[PDB]
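Report on one structure; see the data block that follows.
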Amino acid sequence: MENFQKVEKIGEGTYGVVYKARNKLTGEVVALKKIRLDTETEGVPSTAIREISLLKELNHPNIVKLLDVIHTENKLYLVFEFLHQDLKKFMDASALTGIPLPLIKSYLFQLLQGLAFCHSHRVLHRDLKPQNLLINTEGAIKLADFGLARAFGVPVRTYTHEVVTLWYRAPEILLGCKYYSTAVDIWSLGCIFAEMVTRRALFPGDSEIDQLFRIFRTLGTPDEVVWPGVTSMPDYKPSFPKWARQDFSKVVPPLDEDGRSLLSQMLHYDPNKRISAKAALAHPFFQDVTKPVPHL
Amino acid sequence: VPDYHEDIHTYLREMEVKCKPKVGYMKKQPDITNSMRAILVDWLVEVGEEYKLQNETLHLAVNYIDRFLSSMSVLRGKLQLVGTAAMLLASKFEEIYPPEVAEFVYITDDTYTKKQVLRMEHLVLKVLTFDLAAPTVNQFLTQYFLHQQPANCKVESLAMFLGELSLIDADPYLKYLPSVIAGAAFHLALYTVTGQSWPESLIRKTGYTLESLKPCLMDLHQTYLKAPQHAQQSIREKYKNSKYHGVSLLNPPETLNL
Amino acid sequence: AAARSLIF
Ligand SMILES: Cc1nc(C)c(-c2ccnc(Nc3ccc(C(F)(F)F)cc3)n2)s1
């Protein structure tokens, strides 16, 4: 720990304080996430435990690298490769003029790659959202913040009281089934896809129930045709307004026909039919993909 | 899950290799003994149930313990501690919320202290170099269970129970990979309830022909038969609950037709 | 159950 020079703090999150920091012997610039460990109370957090063990296992160009973990008596340091900012900022700052299609397309492309590496190692991310998606100037994007991810060698039982995120949350969790699935990560990513495009969030809910209702208003109230089995899910109410599904052309104008097909396959109600990440990549939307750099 | 399944199943097989105790570990521990470890896992079962914990948790716990004991001499006074921290950790890894540390201290008859349990957590992490997502039997049973035709709760609960039973006796269960034990347990449970056998779907997926199981299968049978008399009982207890269809009641076959 | 100071 004596080998790093803290430079400047670059965001909070799970546990504590993340620094930009530089290795005084090698010049390498890193991101230190320093976890508090006055832990008179429960010891190493569960989030730390997961993000470390899983990241350890995952090595792929669109999943932020864990470089080292530093164990003291009294503090726990995670050392990550340094990347510049996070998709949330890029968007705020790119607002007005908007993020060029081709860059959107590569960001999506690049994420599906990482999601796919993740999913195909029974890791479930669970909290994809711009702030947890990290970009660099060479124009790569990467999965980050794995503090809630989970290994699914056995189905992953659902958080009865979810402290996660509303806006990116899958209908099927909203309606209270028992398990997660790879499908939830696709959802959050479809929602981030539509965000990059329209320059605003797709389903800005104000509580579990308002969420459902926003989803429904865009995509139309699910019934048993679309989603065999909905009407028998713990939180499903027969009183749910029966809104009709809107022409997607209406929801993401800027988007070519392919973009809409993908987007819809990713935002399918029923987790059995919502498109896998491995699939999405074959999608023709990705025919003409390049790798532009962002103007940061 | 219908897409990676194979990728996953492949990777667990890869992982289970790297996450493996050493077999000889118990005889190189000065002060402790296969017995001693039995007493322990047994105890974990019981904690498992008291705090109502997912089964995987317990499978993890033992796996951590077995690797922790494969690098580190421990004295018998401190085993229950290693176990407590192994359990804490796995609960932290696999449960939605885990028991507080206080409870874990409580459940030992405050034989150790919060700061003791917390210190060991750390050492345990240190020693596993943080590698916690170990494949377990209970994972491969769950992968295996897809290939029933058709499904059958008794069978599942039975295979489970045999699974956990393997947890208790380092001899000879440490010489087997979980994917194998999980097969074994699967064929036995199948066999026992419905007289059917380890299916071609699974033989083709797993590369394990029946005959390749036989070694592991045999010990497991012997175990199934002897469990009512085994020094250690918390599991049989556990697997009486109607939650598990009374399967630990059912009558073991005396022969396997091998 | 449970509460137990395992003697070895
Ligand atoms: C939460 C996060 N957890 C990790 C591991 C984080 C991380 C890891 C590595 N690099 C970075 N860089 C970074 C760079 C810029 C920003 C910001 F805030 F400016 F956009 C935020 C984060 N962030 S943030």
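Every chain in the structure tokens takes a letter, A first, then B, and so on in the order presented; its residues are numbered from 1, and the ligands are numbered from 1 following the presented order.
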(request) Enumerate as a ChimeraX atom specification the residues within 7 Å of ligand 1, counting only C-alpha atoms and all ligand atoms. (result) /A:10-14,18,31,33,64,80-86,89,132,134,144-145
(message) For stretch 158-172 of chain A, find every residue with an atom within 6 Å (counting only C-alpha atoms), except residues of its own chain fewer than 4 positions away, and show them as JSON, numbers by chain.
(response) {"A": [178, 179, 184, 187, 188, 203, 204, 205]}
Selection from above, N, CA, C and O atoms, as a PDB file, in the first residue's frame, can you write it?
```pdb
ATOM      1  N   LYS A 178     -39.336 -16.177  -7.860  1.00  0.00           N
ATOM      2  CA  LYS A 178     -38.631 -16.634  -6.683  1.00  0.00           C
ATOM      3  C   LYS A 178     -37.149 -16.542  -6.979  1.00  0.00           C
ATOM      4  O   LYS A 178     -36.326 -16.477  -6.077  1.00  0.00           O
ATOM      5  N   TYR A 179     -36.815 -16.574  -8.263  1.00  0.00           N
ATOM      6  CA  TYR A 179     -35.431 -16.729  -8.689  1.00  0.00           C
ATOM      7  C   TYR A 179     -35.039 -15.609  -9.634  1.00  0.00           C
ATOM      8  O   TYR A 179     -35.915 -15.053 -10.301  1.00  0.00           O
ATOM      9  N   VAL A 184     -32.301 -11.107 -16.558  1.00  0.00           N
ATOM     10  CA  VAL A 184     -32.569  -9.843 -15.896  1.00  0.00           C
ATOM     11  C   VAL A 184     -31.512  -8.891 -16.343  1.00  0.00           C
ATOM     12  O   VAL A 184     -31.818  -7.731 -16.617  1.00  0.00           O
ATOM     13  N   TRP A 187     -32.358  -7.457 -19.768  1.00  0.00           N
ATOM     14  CA  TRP A 187     -33.319  -6.379 -19.539  1.00  0.00           C
ATOM     15  C   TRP A 187     -32.594  -5.078 -19.220  1.00  0.00           C
ATOM     16  O   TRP A 187     -32.871  -4.038 -19.830  1.00  0.00           O
ATOM     17  N   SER A 188     -31.717  -5.112 -18.222  1.00  0.00           N
ATOM     18  CA  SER A 188     -31.194  -3.859 -17.688  1.00  0.00           C
ATOM     19  C   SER A 188     -30.465  -3.251 -18.854  1.00  0.00           C
ATOM     20  O   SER A 188     -30.521  -2.045 -19.052  1.00  0.00           O
ATOM     21  N   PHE A 203     -37.620   3.661 -18.162  1.00  0.00           N
ATOM     22  CA  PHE A 203     -38.641   3.315 -17.178  1.00  0.00           C
ATOM     23  C   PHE A 203     -38.281   3.887 -15.804  1.00  0.00           C
ATOM     24  O   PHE A 203     -37.831   3.127 -14.930  1.00  0.00           O
ATOM     25  N   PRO A 204     -38.397   5.234 -15.649  1.00  0.00           N
ATOM     26  CA  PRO A 204     -38.057   5.998 -14.445  1.00  0.00           C
ATOM     27  C   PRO A 204     -39.104   5.888 -13.318  1.00  0.00           C
ATOM     28  O   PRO A 204     -39.840   6.814 -13.011  1.00  0.00           O
ATOM     29  N   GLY A 205     -39.170   4.724 -12.696  1.00  0.00           N
ATOM     30  CA  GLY A 205     -40.277   4.414 -11.815  1.00  0.00           C
ATOM     31  C   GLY A 205     -40.071   5.166 -10.530  1.00  0.00           C
ATOM     32  O   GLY A 205     -38.973   5.659 -10.297  1.00  0.00           O
TER      33      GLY A 205
END
```
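With only C-alpha atoms as the basis for measurement, B:36 is the residue among B:102, B:36, B:96, B:107 that approaches residue C:7 most closely.
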(request) Write out as an MDAnalysis selection string all residues of stretch 22-262 of chain A that backbone DSSP assigns to strand (DSSP E). (result) chainID A and resid 22:23 29:35 66:71 76:81 85:86 123:124 133:135 141:143 150:151
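Using only C-alpha atoms, the shortest contact distance between residue B:143 and any of B:75, B:125, B:202, B:256 is found at B:202.
The two atoms in question, atom CA of residue B:46 and atom CA of residue B:232, are spaced 11.2 Å apart.
The protein and nucleic acid residues lying at most 12 Å from residue A:247 are residues 217, 218, 219, 220, 253, 257, 260, 261 and 264 of chain A, with only C-alpha atoms considered and sequence neighbours fewer than 6 positions away removed.
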(request) Using only C-alpha atoms, determine which residues of chain A fall within 9 Å of chain B; present them as a PyMOL selection string. (result) chain A and resi 39-47+49-50+52-54+56-57+71+73+116+119-122+150-160+181-182+272+276+278
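Atom CA of residue B:38 lies 4.9 Å from atom CA of residue B:168.
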(message) What are the residues of chain B lining chain C at 8 Å or less? Count only C-alpha atoms, and put the answer as an MDAnalysis selection string.
(response) chainID B and resid 36 39:40 43 46:47 50 76 80 106:109 111 234
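Going from atom CA of residue A:269 to atom CA of residue A:208 covers 16.1 Å.
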(message) Can you pull out the residues contacting stretch 242-246 of chain B? Cut-off 8 Å, using only C-alpha atoms, and skip same-chain residues under 4 positions away; I want them as a PyMOL selection string.
(response) chain B and resi 153-154+157+250
For the selection just defined, write its residues with N, CA, C and O atoms to a file, as a tab-separated table (two decimals), in the first residue's frame.
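Contents of out_28.tsv, freshly written:
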```tsv
chain	number	residue	atom	x	y	z
B	153	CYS	N	-39.77	-35.53	-7.02
B	153	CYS	CA	-39.26	-34.92	-5.79
B	153	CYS	C	-38.49	-35.89	-4.90
B	153	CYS	O	-37.39	-35.57	-4.42
B	154	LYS	N	-39.12	-37.01	-4.57
B	154	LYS	CA	-38.45	-38.07	-3.81
B	154	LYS	C	-37.05	-38.22	-4.38
B	154	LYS	O	-36.09	-38.13	-3.66
B	157	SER	N	-34.78	-35.11	-3.51
B	157	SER	CA	-34.49	-35.03	-2.08
B	157	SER	C	-33.54	-36.17	-1.71
B	157	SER	O	-32.60	-36.01	-0.94
B	250	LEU	N	-37.63	-44.09	3.85
B	250	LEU	CA	-37.31	-45.02	2.77
B	250	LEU	C	-36.22	-46.01	3.06
B	250	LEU	O	-35.12	-45.61	3.44
```
Residue A:1 surroundings by only C-alpha atoms, 12 Å radius, close-in-sequence under 5 positions cut, as a tab-separated table (two decimals) with N, CA and C atoms, in the first residue's frame:
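What ended up in out11.tsv:
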```tsv
chain	number	residue	atom	x	y	z
A	6	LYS	N	-1.94	8.09	-3.84
A	6	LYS	CA	-3.31	8.52	-4.12
A	6	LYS	C	-3.27	9.81	-4.95
A	21	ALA	N	-5.15	6.37	-8.36
A	21	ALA	CA	-3.89	6.27	-7.66
A	21	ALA	C	-2.80	5.68	-8.57
A	22	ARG	N	-1.54	6.00	-8.25
A	22	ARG	CA	-0.47	5.63	-9.16
A	22	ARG	C	0.61	4.89	-8.45
A	23	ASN	N	1.14	3.88	-9.12
A	23	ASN	CA	2.13	2.99	-8.54
A	23	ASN	C	3.50	3.60	-8.66
A	24	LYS	N	4.07	4.03	-7.55
A	24	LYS	CA	5.26	4.86	-7.61
A	24	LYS	C	6.49	4.21	-8.29
A	25	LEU	N	6.45	2.89	-8.46
A	25	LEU	CA	7.59	2.14	-9.01
A	25	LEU	C	7.40	1.77	-10.47
A	32	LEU	N	-8.17	2.54	-6.77
A	32	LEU	CA	-8.18	1.87	-5.45
A	32	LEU	C	-9.56	2.00	-4.89
A	34	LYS	N	-11.25	1.25	-1.43
A	34	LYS	CA	-10.74	1.00	-0.11
A	34	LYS	C	-11.90	0.78	0.85
A	68	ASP	N	-5.26	-6.59	-7.98
A	68	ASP	CA	-4.63	-7.05	-6.77
A	68	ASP	C	-5.66	-6.71	-5.72
A	69	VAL	N	-5.63	-7.46	-4.63
A	69	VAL	CA	-6.40	-7.12	-3.45
A	69	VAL	C	-5.45	-7.00	-2.31
A	70	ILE	N	-5.61	-5.97	-1.49
A	70	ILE	CA	-4.62	-5.69	-0.48
A	70	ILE	C	-5.25	-5.77	0.88
A	71	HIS	N	-4.73	-6.73	1.66
A	71	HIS	CA	-5.28	-7.14	2.95
A	71	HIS	C	-4.45	-6.56	4.10
A	72	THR	N	-5.04	-5.67	4.90
A	72	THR	CA	-4.41	-5.28	6.15
A	72	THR	C	-5.24	-5.82	7.32
A	75	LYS	N	-7.86	-2.73	7.09
A	75	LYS	CA	-8.45	-2.14	5.87
A	75	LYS	C	-8.36	-3.13	4.73
A	76	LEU	N	-9.27	-3.04	3.76
A	76	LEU	CA	-9.14	-3.91	2.58
A	76	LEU	C	-9.12	-3.14	1.25
A	77	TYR	N	-8.00	-3.26	0.53
A	77	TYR	CA	-7.83	-2.49	-0.71
A	77	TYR	C	-8.03	-3.29	-2.00
A	78	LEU	N	-8.96	-2.85	-2.85
A	78	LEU	CA	-9.09	-3.46	-4.15
A	78	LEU	C	-8.44	-2.60	-5.19
A	79	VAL	N	-7.61	-3.24	-6.00
A	79	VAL	CA	-6.86	-2.51	-6.98
A	79	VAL	C	-7.35	-2.82	-8.36
```
(message) Give me, as a VMD selection string, all polymer residues having an atom no more than 9 Å from stretch 144-146 of chain B, counting only C-alpha atoms and skipping those fewer than 6 positions away in the same chain.
(response) chain B and resid 156 182 to 183 186 202
(request) Pick out the residues sitting within 10 Å of residue B:220, and hand them over as a VMD selection string; count only C-alpha atoms, and ignore anything fewer than 3 positions along from it in its own chain. (result) chain B and resid 162 to 163 165 to 166 172 to 173 181 184 to 185 188 214 to 217 223 to 226
(message) Among stretch 97-250 of chain A, which ones does DSSP assign to alpha helix (DSSP H) (computed from the backbone)? Answer as a ChimeraX atom specification.
(response) /A:101-119,171-174,183-198,208-219
If you keep C-alpha atoms, can you produce a file of those selected residues as a PDB file, in the first residue's frame?
```pdb
ATOM      1  CA  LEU A 101     -25.358   5.831 -33.131  1.00  0.00           C
ATOM      2  CA  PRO A 102     -22.170   4.055 -34.073  1.00  0.00           C
ATOM      3  CA  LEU A 103     -20.770   4.451 -30.610  1.00  0.00           C
ATOM      4  CA  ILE A 104     -23.978   3.331 -28.988  1.00  0.00           C
ATOM      5  CA  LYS A 105     -23.773   0.309 -31.235  1.00  0.00           C
ATOM      6  CA  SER A 106     -20.260  -0.569 -30.143  1.00  0.00           C
ATOM      7  CA  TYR A 107     -21.063   0.020 -26.507  1.00  0.00           C
ATOM      8  CA  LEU A 108     -23.964  -2.387 -26.766  1.00  0.00           C
ATOM      9  CA  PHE A 109     -21.850  -4.793 -28.796  1.00  0.00           C
ATOM     10  CA  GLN A 110     -19.052  -4.656 -26.244  1.00  0.00           C
ATOM     11  CA  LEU A 111     -21.404  -5.144 -23.284  1.00  0.00           C
ATOM     12  CA  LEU A 112     -23.119  -8.211 -24.764  1.00  0.00           C
ATOM     13  CA  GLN A 113     -19.694  -9.654 -25.145  1.00  0.00           C
ATOM     14  CA  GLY A 114     -18.959  -9.158 -21.430  1.00  0.00           C
ATOM     15  CA  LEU A 115     -22.403 -10.162 -20.237  1.00  0.00           C
ATOM     16  CA  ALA A 116     -21.922 -13.300 -22.314  1.00  0.00           C
ATOM     17  CA  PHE A 117     -18.563 -14.130 -20.795  1.00  0.00           C
ATOM     18  CA  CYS A 118     -20.192 -13.482 -17.424  1.00  0.00           C
ATOM     19  CA  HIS A 119     -23.288 -15.556 -17.965  1.00  0.00           C
ATOM     20  CA  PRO A 171     -40.838  -7.127 -14.948  1.00  0.00           C
ATOM     21  CA  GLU A 172     -40.476 -10.614 -13.686  1.00  0.00           C
ATOM     22  CA  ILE A 173     -38.743  -9.513 -10.483  1.00  0.00           C
ATOM     23  CA  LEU A 174     -41.341  -6.766 -10.075  1.00  0.00           C
ATOM     24  CA  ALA A 183     -32.632 -12.691 -18.376  1.00  0.00           C
ATOM     25  CA  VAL A 184     -32.569  -9.843 -15.896  1.00  0.00           C
ATOM     26  CA  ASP A 185     -29.211  -8.649 -17.064  1.00  0.00           C
ATOM     27  CA  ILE A 186     -30.394  -8.516 -20.670  1.00  0.00           C
ATOM     28  CA  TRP A 187     -33.319  -6.379 -19.539  1.00  0.00           C
ATOM     29  CA  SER A 188     -31.194  -3.859 -17.688  1.00  0.00           C
ATOM     30  CA  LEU A 189     -29.044  -3.683 -20.793  1.00  0.00           C
ATOM     31  CA  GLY A 190     -31.935  -3.231 -23.219  1.00  0.00           C
ATOM     32  CA  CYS A 191     -33.032  -0.317 -20.952  1.00  0.00           C
ATOM     33  CA  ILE A 192     -29.541   1.190 -21.073  1.00  0.00           C
ATOM     34  CA  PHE A 193     -29.651   0.678 -24.850  1.00  0.00           C
ATOM     35  CA  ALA A 194     -32.798   2.758 -25.128  1.00  0.00           C
ATOM     36  CA  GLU A 195     -31.303   5.362 -22.777  1.00  0.00           C
ATOM     37  CA  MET A 196     -28.181   5.936 -24.788  1.00  0.00           C
ATOM     38  CA  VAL A 197     -30.471   6.400 -27.817  1.00  0.00           C
ATOM     39  CA  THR A 198     -33.210   8.709 -26.619  1.00  0.00           C
ATOM     40  CA  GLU A 208     -42.130  -1.035  -7.435  1.00  0.00           C
ATOM     41  CA  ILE A 209     -45.665  -0.333  -8.524  1.00  0.00           C
ATOM     42  CA  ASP A 210     -45.039   2.805 -10.598  1.00  0.00           C
ATOM     43  CA  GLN A 211     -42.274   0.890 -12.422  1.00  0.00           C
ATOM     44  CA  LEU A 212     -44.535  -1.971 -13.429  1.00  0.00           C
ATOM     45  CA  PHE A 213     -46.867   0.637 -14.640  1.00  0.00           C
ATOM     46  CA  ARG A 214     -44.343   2.529 -16.765  1.00  0.00           C
ATOM     47  CA  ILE A 215     -43.114  -0.688 -18.349  1.00  0.00           C
ATOM     48  CA  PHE A 216     -46.772  -1.591 -19.107  1.00  0.00           C
ATOM     49  CA  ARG A 217     -47.488   1.808 -20.621  1.00  0.00           C
ATOM     50  CA  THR A 218     -44.722   1.408 -23.163  1.00  0.00           C
ATOM     51  CA  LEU A 219     -44.849  -2.293 -23.810  1.00  0.00           C
TER      52      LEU A 219
END
```
